[PDB]
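Taking it in order: structure first as structure tokens, then the write-up.
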Amino acid sequence: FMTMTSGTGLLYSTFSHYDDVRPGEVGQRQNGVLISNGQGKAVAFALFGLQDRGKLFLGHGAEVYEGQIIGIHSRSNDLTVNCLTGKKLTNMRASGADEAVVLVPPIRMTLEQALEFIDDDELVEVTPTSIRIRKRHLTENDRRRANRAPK
Amino acid sequence: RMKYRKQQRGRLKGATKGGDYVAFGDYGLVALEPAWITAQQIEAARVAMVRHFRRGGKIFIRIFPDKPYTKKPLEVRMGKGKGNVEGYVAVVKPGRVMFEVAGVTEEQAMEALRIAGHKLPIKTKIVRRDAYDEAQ
Amino acid sequence: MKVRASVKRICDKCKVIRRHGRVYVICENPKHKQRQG
Amino acid sequence: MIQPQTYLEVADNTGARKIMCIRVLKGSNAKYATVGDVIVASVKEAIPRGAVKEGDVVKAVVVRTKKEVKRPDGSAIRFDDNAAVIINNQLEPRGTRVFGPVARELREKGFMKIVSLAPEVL
RNA sequence: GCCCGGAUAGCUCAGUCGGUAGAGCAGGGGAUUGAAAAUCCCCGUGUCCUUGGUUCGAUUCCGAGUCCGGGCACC
RNA sequence: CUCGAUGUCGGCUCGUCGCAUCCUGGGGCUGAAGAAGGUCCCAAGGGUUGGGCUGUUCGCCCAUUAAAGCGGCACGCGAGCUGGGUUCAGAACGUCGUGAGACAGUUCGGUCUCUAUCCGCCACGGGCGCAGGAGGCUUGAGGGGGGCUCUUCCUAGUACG
RNA sequence: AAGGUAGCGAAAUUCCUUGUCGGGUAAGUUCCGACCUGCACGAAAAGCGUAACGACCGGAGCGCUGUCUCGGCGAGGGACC
RNA sequence: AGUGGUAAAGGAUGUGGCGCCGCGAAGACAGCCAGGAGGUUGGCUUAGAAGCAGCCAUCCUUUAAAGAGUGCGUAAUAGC
């Protein structure tokens with residue numbers, strides 16, 4: 001709101017009567033959030049594959065855990081990729097060519113730039129030297145337990 | 001593709017002209033400068049068309065998955081019984097009567113073909129019914 | 001934008017510009033910078 | 001005077017007034033942990049207690065032995081090789097340390113603290 | 001890096017030359033006991049992993065993703 | 001063509017061209033505010049670090065870096081080195097073989113020569129000449145050398161907001 | 001014909017192998033230690049171990065040193081007149 | 001165009017050539033002028049369609065001859 005009217009715009013609220021939420025979802029945010037599939041570390045060979053499917057958060061060896069988000073999806077759907085692994089080493093044989101994929105970094109921040117990123121249940125787990133963001137339900141299969149939609 | 005329950009292993013190689021022409025619905029795709037064409041590629045077109053066409057009212061056919069192409073080995077050195085069966089397809093060479101319907105009613109069908117074959121694999125042309133044909 | 005090929009105009013009224021054997025499509029939308037020469 | 005691989009001396013909150021640097025922190029083409037410079041290293045020598053450890057920081061260049069040639073044709077050499085360990089920013093490591101004065105240092109400047117800190121005889 | 005593989009309920013797991021979805025254990029209701037184990041009937045829960053194609057309809061036959069799959073590699 | 005003979009690896013040292021250019025810039029494009037990315041066309045100019053382990057080039061890892069490219073030339077280089085290498089006999093076992101002997105299973109050692117003739121390159125001179133015989137100062141067509149780049153600070157957080 | 005015991009194991013036998021853990025280490029397919037699903041160990045061509053002794057072969061680390069960051073000048077011998 | 005002086009898929013208001021289409025001097029097209037007409041005003045959605053928000057509508061009067069409105073759009077609407 002403050003970004004629409006540019007400060008010059010105030011308006012609060014309260015309630016008129018306990019409803020039922022209607023039938024539609026009030027977001028729910030676009031571009032699904034990229035979640036992890038287990039604790040470990042960021043693997044160049046792991047974050048390289050599905051990298052064009054949106055943006056990334058952490059880097060490498062960045063070793064996060066389950067439920068922790070590590071970027072946003074190119075669409076609205078949500079997934080739980082994985083990699084460390086990054087695999088695999090190594091040789092011989094043999095050589096010499098070739099290839100040497102790189103990778104872009106954050107994309108990091110802010111807080112302040114990641115908090116409002118949530119929507120359903122992505123507690124922005126913060127620390128006295130770090131700031132993470134995971135879903136109310138780490139385990140993937142666990143999330144489906146609460147959804148479970150109709151009827 | 002489909003060249004099911006064949007009978008033999010392999011053909012041979014040549015090419016030059018044949019007997020495709022008619023019409024058969026008025027939505028036609030005719031080859032012109034080819035030879036054999038992957039049963040697959042073929043299905044490709046099949047798809048292309050099928051999908052474009054609001055995805056329903058049927059197209060028809062034309063050639064067949066006809067012969068068995070062999071690159072034999074995998075990349076060895078050469079002297080195998082020339083065995084190995086591997087890619088099956090059409091053998092159409094002089095601008096052939098390739099026939100595809102649907103009920104597009106238009107340059108819509110056009111497009112369908114356009115891509116289907118533009119794709120497929122050769123210098124080719126398309127049209128409709130131009131000089132009927134009388135049989136016994 | 002460019003491409004050693006393609007170009008079948010676009011911006012609904014995207015222009016087929018003849019310039020130096022330069023198959024260059026000109027429009028009113030950067031999205032169409034069609035340089036295929 | 002300089003070195004890449006190095007058994008150097010320090011005297012800050014050192015694990016031991018000694019660490020081995022890899023190289024020079026300057027213009028990508030090291031070859032000189034030089035007087036009044038800033039570079040990279042890990043520990044070589046021991047460390048009673050101390051929050052230091054057997055890790056690696058970077059830091060700034062003190063002494064040398066093979067010509068401290070100054071702008072004012074001030075000249076000197078100490079039969080000693082050592083610098084002060086840094087914490088990120090540069091902000092030095094320890095509370096104090098065993099050594100003293102002379103241009104080159106302060107001159108590099110960024111480390112006044114080192115500056116007033118190591119003053120007197122030694 | 002080519003080459004196969006598994007993806008099915010709460011967790012471990014099969015499918016006429018498609019058209020139907022299952023035991024097991026968790027599990028709550030019993031039969032049972034003196035009460036309980038064990039055992040025997042019953043409930044329930046179904047994304048049949050995401051796409052594109054074939055068909056009247058595909059969990060299944062095909063295309064792609066998907067953890068997953070055994071393997072390729074002297075100058 | 002080559003078996004009247006063409007030294008195969010790895011590395012060294014001196015490298016030379018190439019662009020599908022990595023850092024460089026010039027750029028239109030953005031889902032481009034700024035910044036920063038990312039998306040193609042132009043252009044090789046210079047530039048295009050140390051170690052670790054591995055006989056391995058490839059590779060994975062440490063530390064940076066503007067950056068730490070792909071590759072052409074018998075995977076450049078023995079008439080210029082190196083020679084761990086895989087590849088003469090040993091002996092080793094692990095493995096086949098009735099065993100003789102064997103395994104592109106492996107592991108320990110394992111006698112790389114070179115007085116240049118030619119054209120070629122690096123230099124330095126002797127000629128004979130650019131129609132008087134001379135001492136010395138020039139101008140260059142044309143050819144050669146070097147054209148990189150950091151980070152900080154300057155206008156810097158008013159551009160975007 | 002029974003079907004490998006005891007000890008022993010990724011080893012002068014593990015190709016999947018830079019196996020996996022651990023240690024060493026800024027980093028290590030290197031070796032030491034573990035594990036042991038032993039591509040293909042085993043007692044008599046010995047098996048596990050075993051001090052002293054090896055121009056044994058391999059892995060650390062202190063010491064020292066133009067050896068290495070290029071080396072730089074120097075003397076003696078040919079090279080050259 | 002330097003094609004001469006190797007190349008395909010395929011792309012195109014290239015160049016020139018057909019053998020063809022628009023000419024209501026009831027004087028043409030790009031360039032021009034002005035009006036861009038009243039029922040056109042839900043059908044849902046109307047927070048808005050009252051052509052310029054989505055599931056089709058295919059009628060009428062009426063003259064510059066008539067847009068069941070091809071298009072810049074938000075809150076309909078209002079303007080091009």
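We name chains A, B, ... following the order of the structure tokens; residues begin at 1 in each chain, and ligands are numbered from 1 as shown.
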Please report as a list in words which residues of chain B come no farther than 10 Å from chain H, using only C-alpha atoms (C1' of nucleotides). residues 118, 119, 121, 122 and 123 of chain B
Interface list for chain A, partner chain E, 10 Å threshold, only C-alpha atoms (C1' of nucleotides), as a count of residues only: 10
As a ChimeraX atom specification, please: the residues near residue 39 in chain A (cut-off 6 Å, only C-alpha atoms (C1' of nucleotides), same-chain neighbours under 3 positions excluded). /A:64-66
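Computed from the coordinates, the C1' of residue 79 in chain F to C1' of residue 120 in chain F distance equals 14.8 Å.
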Which residues, written as a PyMOL selection string, have at least one atom at most 12 Å from residue 11 in chain E, with only C-alpha atoms (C1' of nucleotides) counted and residues fewer than 3 positions away on the same chain left out? (chain A and resi 141) or (chain E and resi 24-26)
Pick out the residues sitting within 9 Å of range 51-54 of chain H, and hand them over as a PyMOL selection string; count only C-alpha atoms (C1' of nucleotides), and ignore anything fewer than 4 positions along from it in its own chain. chain H and resi 67+69+71-73
